[PDB]
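Cβ sites come from the backbone with ideal geometry, for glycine too, and all protein chains shown count toward neighbours. Laboratory data are not the source of any read-out in this text; all were calculated from the coordinates shown.
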Amino acid sequence: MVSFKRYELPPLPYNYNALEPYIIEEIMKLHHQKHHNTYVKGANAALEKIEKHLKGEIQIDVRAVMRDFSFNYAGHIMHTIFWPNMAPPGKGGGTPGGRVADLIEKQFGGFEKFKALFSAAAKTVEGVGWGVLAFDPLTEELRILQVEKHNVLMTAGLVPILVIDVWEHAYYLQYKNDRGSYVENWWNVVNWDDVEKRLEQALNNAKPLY
Amino acid sequence: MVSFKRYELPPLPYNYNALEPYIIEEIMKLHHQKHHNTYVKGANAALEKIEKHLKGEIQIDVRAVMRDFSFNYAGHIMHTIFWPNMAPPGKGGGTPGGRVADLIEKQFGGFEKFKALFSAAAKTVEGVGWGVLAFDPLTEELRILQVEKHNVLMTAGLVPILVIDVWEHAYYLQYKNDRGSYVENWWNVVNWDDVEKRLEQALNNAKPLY
Amino acid sequence: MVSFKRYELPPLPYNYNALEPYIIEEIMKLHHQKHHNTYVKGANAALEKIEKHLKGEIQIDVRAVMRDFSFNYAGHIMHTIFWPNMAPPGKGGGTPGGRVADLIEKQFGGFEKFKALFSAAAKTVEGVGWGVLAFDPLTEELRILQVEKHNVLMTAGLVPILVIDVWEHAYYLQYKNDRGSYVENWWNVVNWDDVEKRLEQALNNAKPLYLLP
Amino acid sequence: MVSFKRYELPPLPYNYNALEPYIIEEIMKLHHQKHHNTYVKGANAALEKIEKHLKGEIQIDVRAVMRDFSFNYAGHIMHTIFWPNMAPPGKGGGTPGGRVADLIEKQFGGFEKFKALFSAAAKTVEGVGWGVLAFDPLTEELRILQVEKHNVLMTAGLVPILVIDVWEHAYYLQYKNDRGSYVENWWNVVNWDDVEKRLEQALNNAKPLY
Ligand SMILES: [Fe+3]
Ligand SMILES: [Fe+3]
Ligand SMILES: [Fe+3]
Ligand SMILES: [Fe+3]
């Protein structure tokens with residue numbers, strides 16, 4: 001038995017204020033340094049308990065520790081995708097090209113219509129959660145869904161390639177209750193290059209994965 | 001637009017009575033022909049609604065339809081993994097070798113410790129759900145977790161390689177309320193070569209996705 | 001400190017085979033002696049942990065232990081209402097009268113419309129759960145809802161007066177996957193006298209719990 | 001048939017700035033006028049769909065509409081309890097007497113032990129939700145629990161007599177990520193007069209409902 005590899009906080013791919021005016025520095029700071037850090041620490045702490053259990057040192061509530069692992073792992077991986085999904089206005093914003101634009105044209109009937117559907121998915125998350133654009137390994141097509149918290153409504157298989165955090169902490173300081181305006185403005189920092197790089201990996205690796 | 005690719009019910013890799021005496025024919029029949037078919041039909045039905053919305057013919061409750069998609073897609077993919085995860089005793093059962101056994105030693109301290117943990121995870125799912133052995137693309141390590149329903153507690157990233165269905169319909173006609181005995185018996189039909197193939201694909205393809 | 005009062009498994013109000021042919025003896029036996037008993041034990045086990053935590057004897061995961069309490073307490077109270085909600089065919093079945101019929105006409109446009117809606121609610125629970133007819137203390141009207149597991153989608157305030165268990169263990173041995181047939185057959189053992197009494201209590205007692213008199 | 005009685009947004013028992021310095025005016029105002037109002041509308045909108053369905057005027061997804069009703073009704077009743085559970089500091093805060101103090105002594109081993117447990121329950125809500133002190137009709141005793149969102153982990157029977165909102169919108173503008181500090185400060189505005197009156201009604205009324 002070798003000890004588990006610890007999860008690590010991935011640094012932001014841009015400065016804390018690089019997403020202004022659309023997302024303010026203070027949100028980015030809090031979001032990355034308080035919130036994301038906590039998921040990393042929480043996922044590791046769950047695995048530490050599992051380890052002490054396996055080594056016969058303690059007897060854990062397997063369901064409880066696994067619920068802790070699930071929520072914190074999911075928070076960790078969802079944000080790890082969230083950050084590079086965005087970029088400073090210029091590098092971020094506008095409309096996609098390449099392979100992403102092609103499937104969006106094919107599945108959703110154009111960016112316009114995709115954007116409307118994704119925005120509606122994000123805006124209408126009940127409570128806190130995510131709007132998610134995912135690659136389906138079973139059909140090699142794009143799917144849009146919601147995730148509640150970090151780990152509710154998410155499924156096996158589906159590979160998130162573009163996600164928006166619609167937890168209240170993601171916008172409240174700036175947009176107050178107005179999640180709709182947040183989602184509208186988030187489009188101006190979407191890093192279509194990062195998304196494109198993900199659809200590439202998925203088209204190559206996801207079906208041959210399942 | 002191109003109309004979404006439909007999901008389809010996979011055939012079982014063996015006859016309905018082939019996992020006897022561990023899982024009786026009537027369960028396998030009902031489970032595949034009734035339950036799994038419902039998920040295929042529901043996942044498609046959800047995507048038909050999204051299509052009509054995209055064609056501008058109807059307006060949908062995006063949240064509601066994506067919850068339907070989520071549950072049925074999850075049910076479909078989880079069962080698609082579940083069937084080939086099992087095999088008629090001989091091909092099914094026993095103790096794993098290869099890379100599966102290798103990381104089972106590294107992560108869990110051996111087959112018996114792993115078996116005990118996986119079994120406890122499976123047995124203690126609250127309500128209906130799944131015990132899941134998954135490959136973590138962020139650490140390239142095994143993780144065990146539970147899923148409730150098909151689409152609760154599941155996270156992005158984690159690739160399920162071995163799953164056990166602990167919904168009541170999976171065992172009740174034979175084991176009645178005794179999920180524990182069903183879980184103990186299920187080990188005798190696990191298709192470890194299938195699990196091995198899945199882990200190999202996961203080691204090859206999963207990490208370069210996130 | 002004296003701490004907590006324990007939950008106990010109630011007896012059924014009738015023999016295990018008393019709801020036949022609509023619900024078979026085997027289901028009633030397993031459901032009561034194994035499933036319901038398990039919730040009683042689970043709720044008590046959670047309260048024992050909280051106790052030890054409060055005495056400083058251990059330090060629990062409060063979230064985890066409260067999740068266990070929630071699920072098992074909910075299972076216990078839901079089955080506690082479920083059993084007397086039914087009665088052997090004769091006392092059970094048929095159509096309600098009294099205050100329940102009055103509110104069903106007002107809220108739902110009659111019994112046939114109510115039945116169609118309640119049945120749809122029960123039949124379409126995603127995964128395992130309950131169909132629930134409840135009294136709303138804020139409006140003193142009936143409401144129908146679903147509950148998933150025992151403790152998901154349930155809200156504060158609403159007082160369940162008629163519930164149907166649509167967990168798979170409630171019907172599978174007899175109806176197999178055909179939850180629809182089970183739901184249809186279940187109407188034949190509804191104890192409307194029990195539902196009526198619950199509504200009487202709700203009309204008298206529920207509103208003041210929330211809107212102070 | 002009679003059209004349903006609509007839910008209405010109650011006024012607060014005090015002005016938006018009356019809970020300062022513990023909860024700032026801007027939070028109280030947004031929380032009441034935006035958040036609570038939205039639940040009232042959401043619960044009414046779900047009931048209207050049910051009505052139109054019953055009148056044979058529209059098609060509904062019964063599950064979806066009932067999920068909408070559940071969430072919004074729950075948000076409404078929980079905030080309806082939340083507001084009078086608080087009072088301007090002076091009338092609010094301090095230490096309970098009467099029947100509430102008596103049960104706190106007998107069950108939790110006194111106020112400080114109760115406060116520590118309730119605070120722990122509130123602080124550790126996973127995602128958004130509520131810390132709840134409820135009266136249990138089966139035992140005529142107090143119980144503590146968490147609720148996630150407004151309508152997850154709540155059970156039948158239990159009557160909330162004291163609740164704390166730990167949705168991020170309840171604290172984020174003032175306390176940022178520091179929910180712990182919010183929970184600690186909230187004790188200074190607890191209206192124990194209100195809690196005592198709720199308990200007295202529950203002692204009188206709750207058990208016979210079941
Ligand atoms: Fe976040
Ligand atoms: Fe299944
Ligand atoms: Fe049951
Ligand atoms: Fe709130």
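Post the alpha-carbon centroid distance, the stretch C:22-59 to the stretch A:48-95, in whole angstrom. Value for the Cα centre distance between the two parts: 32 Å. In chain C, the ratio of gyration radius to Kirkwood radius, Rg to Rh, stands at 0.99 when only Cα atoms are counted. A straight Cα-to-Cα reach below 13 Å connects C:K123 with the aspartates and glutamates C:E148, C:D165, C:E168, C:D178, C:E184, D:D61, residues fewer than 8 places away in its own chain not being considered. Structural descriptor for the stretch C:24-87: relative contact order 39 percent, calculated from alpha carbon pairs under 8 angstrom and at least 6 residues apart. Applying the Kirkwood pairwise sum to the alpha-carbon positions of the stretch D:1-42 produces a hydrodynamic radius of 11.6 angstrom. Using the Cα gyration tensor of the stretch D:139-201, with a ≥ b ≥ c the square roots of its eigenvalues, what is the shape: rounded (a/c below 1.5), prolate (a/b larger than b/c) or oblate (neither)? Judged from the Cα gyration tensor, the stretch D:139-201 comes out oblate (a/c at least 1.5, b/c at or above a/b). Scaling the Cα radius of gyration of the stretch A:88-210 by the globular reference 2.2 N^0.38 Å produces a ratio of 1.04. For chain B, the longest principal axis of the Cα atoms and the long axis of helix B:37-54 meet at an angle of about 30 degrees. The relative contact order of the stretch D:88-210 comes to 32 percent, based on Cα pairs under 8 Å that sit 6 or more residues apart.
In degrees from 0 to 90, rounded to the nearest 10, what is the angle of the helix A:98-108 Cα long axis to the longest principal axis of chain A? For helix A:98-108, the angle is close to 90 degrees.
Helix A:111-123 and the long axis of chain A differ in direction by around 40°, with both axes built from C-alpha atoms. Placing +1 on the Cβ of every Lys and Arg and -1 on the Cβ of every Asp and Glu, with no other charges, gives chain A a dipole of roughly 420 debye about its Cα centre. The Cα atoms of the stretch B:24-87 cover 47, 18, 16 Å along the three principal axes, with the biggest extent listed first. Its Cα centre serving as origin, the protein assembly as shown has a Cβ charge dipole (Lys and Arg +1, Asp and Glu -1) of approximately 20 debye. Basic side chains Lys and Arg get +1 at the Cβ, acidic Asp and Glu get -1 at the Cβ, and with that the dipole of the stretch D:88-210 about its Cα centre reaches some 40 debye. Beta bridges from DSSP with both residues in chain C: antiparallel share about 95 percent, rounded to the nearest 5.
Going by a ≥ b ≥ c, the root eigenvalues of the Cα gyration tensor, does the protein assembly as shown fall in the rounded group (a/c under 1.5), the prolate group (a/b larger than b/c) or the oblate group? Because its axes are fairly even, with a/c under 1.5, the protein assembly as shown counts as rounded.
Calculate for the protein assembly as shown the 222 nm mean residue ellipticity that helices alone would give, adding -39,500 (n - 2.57) per DSSP H run of length 4 or more and normalising by residue count, nearest 500 deg cm²/dmol.
-14000 deg cm²/dmol, from helical runs alone.
Only Cα pairs under 8 Å and 6+ residues apart enter the sum, and on that basis the relative contact order of chain A stands at 23 percent.
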